[PDB]
Amino acid sequence: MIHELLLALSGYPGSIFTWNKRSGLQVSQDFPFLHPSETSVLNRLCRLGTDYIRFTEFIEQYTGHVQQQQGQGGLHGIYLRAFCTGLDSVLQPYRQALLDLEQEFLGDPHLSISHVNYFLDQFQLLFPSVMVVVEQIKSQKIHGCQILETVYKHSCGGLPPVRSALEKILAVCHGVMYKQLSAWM
Amino acid sequence: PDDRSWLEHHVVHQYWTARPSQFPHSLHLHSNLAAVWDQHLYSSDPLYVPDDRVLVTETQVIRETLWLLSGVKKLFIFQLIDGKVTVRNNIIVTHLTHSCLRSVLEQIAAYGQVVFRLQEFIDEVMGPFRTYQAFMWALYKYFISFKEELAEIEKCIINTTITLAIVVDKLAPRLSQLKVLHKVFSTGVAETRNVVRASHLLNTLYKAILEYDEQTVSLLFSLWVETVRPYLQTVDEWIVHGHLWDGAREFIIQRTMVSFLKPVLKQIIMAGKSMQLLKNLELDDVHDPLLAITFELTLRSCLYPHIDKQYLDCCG
Amino acid sequence: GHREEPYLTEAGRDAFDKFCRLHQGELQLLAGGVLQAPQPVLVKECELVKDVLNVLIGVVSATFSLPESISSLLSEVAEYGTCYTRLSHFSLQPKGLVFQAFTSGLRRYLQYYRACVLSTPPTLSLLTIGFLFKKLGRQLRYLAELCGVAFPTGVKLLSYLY
């Protein structure tokens, strides 16, 4: 149940947390050896893994799916690929954290699930926060330069980790514009 | 057998599912007090239908409490009544007379409601204003340090001996600091416009620091600085960028009136506008080192030379 | 004393194995005895890690033919070697002269992919593999879309790549 959660969380959903796409991860259900006290902590941790699997799926989906042949900048288009490029390297500390968790579980196996929860709760706010930006881009068919303002309006807020995390992505998608401007000028 | 017995050994899950647990111990009155009290009742002729208590051990009840107290919700013991934790009445260990028990768990449950409501405030933020987010971020920075100690205690239940009278005294410097939040937040949860909703919230904190002008004051101070962060950004931005830009009058100044910046507000407006007429032809990174080198009284009057000199620069 | 005795939030590596064994037994009962599972461990962790490192060389193990969550990690890292082989046999020649230069240029990357595995790791954890060979293994799979595995060749292929 312990190791299984880490494997599910990295993007390998187990036979305990069964991945559907209309509902994400789901526990197998009430059994007489389990009761809600651990269950709720597990569910709260499973939220972040739902989001993470969606992220990896989208980044994979829009980078490396054509040998590059219209008017499309949202099913295709260099800016979308630039966002997908930024997003995974911003997601690097999550992977680093999961890697850490396996080592701590190896050192002493009796460590609690709340032990996992408090370490991962620096991410518990930031992971809903970055989701609305990608959701905006996907839903409203935001393409070309318009992606920059979509990220930029939420990189003028009042939470430091959200600001830095979005800042790295905006550097990348600035980079494609700079590469075109550096020759055209 | 073969799975149920091996479970019964390793896993604890039997005092709240089928075959309620029976605890053999040292007997004779010094910790056999519950059974003596039951026999006393039975001699005293109720007479029939004994009191339903399912017999959970104590050290466990400590674990379930610490889980509830840390801030994760939805445990089977301690039912809700409207979202409020209340004591469950099947608990008995082998003593504690079941009445002092029902009071002491109620007291700690009352402290659990205080943190429950704050986590509820936050849980409805994950399913803009930008002051609410800074508020929640302050609460969390406190919360994680609180949860860490409890989480450490949970290992040490397996380890020594741990009992109620120890964990109550050990959590004394926290249960002091929770009571103030129950009063501060109770006016921060009681209210429409984003400018009165911001001023009324800032004003509670600004009042609470001058109220006691030492663990509570560090609490009020560190929640103070982490929530005035939007305002300071806007205060600098009106000056140096020569324009005002708000959410929807999300800034309490309008081109709704706290006294927090009143002794310099004129100098703010007369600088912010005067830059705009220059264009037509970092104060936060000062404030955060200011805390390193009276609180919100003389200290705030030492912030003001730095912004006064800047106004002087602009108008000149 | 008697030690509070491992909880679900608690102990792993033995209770974890016990738990997964029990859940598999639960599934087996809940069907009627008509669901059949393979071996629950294969065969260990570190031995399995060295086996999957050998899969990246280009030799797939004899457990493949053309815990239980191990399958989900395992398929993703397993398919990398099977497409590496699907590049190497379409690089076996000693026509298009520029096409032959193109094939040796493909070997310039395939040798790098064979060199990075088992010249770096002493031993790594199981999840380190799936994270580490993500930026590289997906990049390896990108080249299969490039190749046919007709198929334009010669100046036609050279000019498209230009």
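1. What to know about the interface of chain A and chain B
Next up, step 1: Between chain A and chain B, the residue contacts involve 25 residues of the former and 21 residues of the latter.
Next up, step 2: Between chain A and chain B the total buried area reaches about 2300 Å² when both faces are included, carbon and sulfur atoms providing 62% of it.
Next up, step 3: Looking only at chain A, the three residues that lose the most surface to chain B are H35(A), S37(A) and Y118(A), adding up to 21% of its buried area.
Next up, step 4: Linking chain A with chain B are 3 salt bridges, by the criterion used here.

2. Brief notes about the side chain of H13(B)
Next up, step 1: Within the fold, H13(B) resides in the loop between α1 (4-10) and α2 (33-43).
Next up, step 2: Note on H13(B): relative accessible area 0%, which makes it buried.
Next up, step 3: Side-chain polar atoms of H13(B) contact the backbone oxygen of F33(A), separated by 2.6 Å.
Next up, step 4: There is a polar contact of 3.5 Å between the side chain of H13(B) and the backbone nitrogen of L34(A).
Next up, step 5: Ignoring any residue separated from it by four or fewer positions in sequence, one finds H13(B) in contact with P32(A), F33(A), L34(A), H35(A), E38(A), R4(B), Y7(C) and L8(C).

3. Examining the interface of chain A and chain C
A common way to report how large an interface is uses the accessible area buried once the components associate.
Next up, step 1: With 37 residues of chain A at the contact, the number on the chain C side is 31 residues.
Next up, step 2: For the pair chain A and chain C, the two sides together bury roughly 3300 Å², of which 62% comes from carbon and sulfur.
Next up, step 3: Ranking the residues of chain A by area buried against chain C places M1(A), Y12(A) and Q67(A) at the top, with a combined share of 25%.
Next up, step 4: A salt bridge links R13(C) to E102(A); the shortest N-O distance between them is 2.6 Å.

4. Some words on the packing of helix α6 (residues 126-139) of chain A against helix α8 (residues 160-184) of chain A
Residues and elements named next belong to chain A.
Next up, step 1: Direction vectors running N to C along α6 and α8 enclose 45°, while the axes themselves pass 10 Å from each other. Between α6 and α8, the angle falls in the class oblique. Where α6 crosses over α8, the handedness of that crossing is right-handed. Where α6 approaches α8, its residues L126, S129, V130 and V133 are matched on the opposing element by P161, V162, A165 and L166.

5. Let's talk about the nonpolar core
Next up, step 1: Among the nonpolar cores identified, the biggest contains 126 residues, and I252(B) and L261(B) are the most heavily contacted of them.
Next up, step 2: Broken down by element, this core gets its largest block of residues, 9 residues, from helix α2 (residues 36-62) of chain A.
Next up, step 3: Discounting chain neighbours no more than four positions away, the residues touching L261(B) are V235(B), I252(B), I253(B), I268(B) and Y304(B).

6. Things to note about the pattern of salt bridges
Next up, step 1: Following the criterion strictly, the structure yields 14 salt bridges over all chains and no others.
Next up, step 2: A network of salt bridges, in which partner residues are shared, links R44(A), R47(A), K73(B) and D123(B).

7. So, the state of the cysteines
Next up, step 1: Following the criterion strictly, the structure yields 0 disulfides over all chains and no others.
Next up, step 2: Distance from the sulfur of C20(C), which forms no disulfide, to the nearest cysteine sulfur (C46(A)) is 18 Å.
Next up, step 3: This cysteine, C147(C), is not joined by any disulfide, and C83(C) carries the nearest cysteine sulfur, 11 Å off.
Next up, step 4: Here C147(C) falls in the buried class, since its relative accessible area comes to 10%.

8. Points about unusual backbone geometry
Next up, step 1: At the junction of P46(B) and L47(B), the peptide bond is cis and its omega measures out at -15° in the coordinates.
Next up, step 2: In this fold, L47(B) is placed in the loop between α2 and α3 (58-70).
Next up, step 3: Of note in the backbone geometry, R19(B) takes a positive phi value of approximately 60° without being a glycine.
Next up, step 4: On the secondary structure map, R19(B) appears in the loop between α1 and α2.
Next up, step 5: Residue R3(C) is not a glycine yet carries a positive backbone phi of 65°.

Rules of the game
- Residues numbered from 1 in each chain as written, not as in the entry; some residues may be left out.
- Chains lettered and ligands numbered in written order.
- Part of a larger assembly, values for the part shown.
- Heavy atoms only, no water.
- Contact = heavy atoms within 4.5 Å.
- Buried area = accessible area lost by both parts, 1.4 Å probe.
- Salt bridge = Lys/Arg side-chain N within 4 Å of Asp/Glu carboxyl O.
- Helix = DSSP H or I, 4+ residues; strand = E, 2+ residues; numbered from the N terminus.
- Buried < 20%, exposed > 50% of the residue type's maximum accessible area, 1.4 Å probe, protein only.
- Polar contact = N/O pair within 3.5 Å; in protein donor to acceptor, adjacent residues only side chain to side chain.
- Axes fitted to C-alpha atoms, helices over the stretch in contact; angles between N-to-C directions.
- Parallel < 35°, antiparallel > 145°, perpendicular 65-115°, else oblique.
- Left-handed = near helix turned anticlockwise from the far one by under 90°.
- Core = buried A, V, L, I, M, F, W, Y, C linked by side-chain atoms within 4.5 Å.
- Disulfide = S-S within 2.5 Å.

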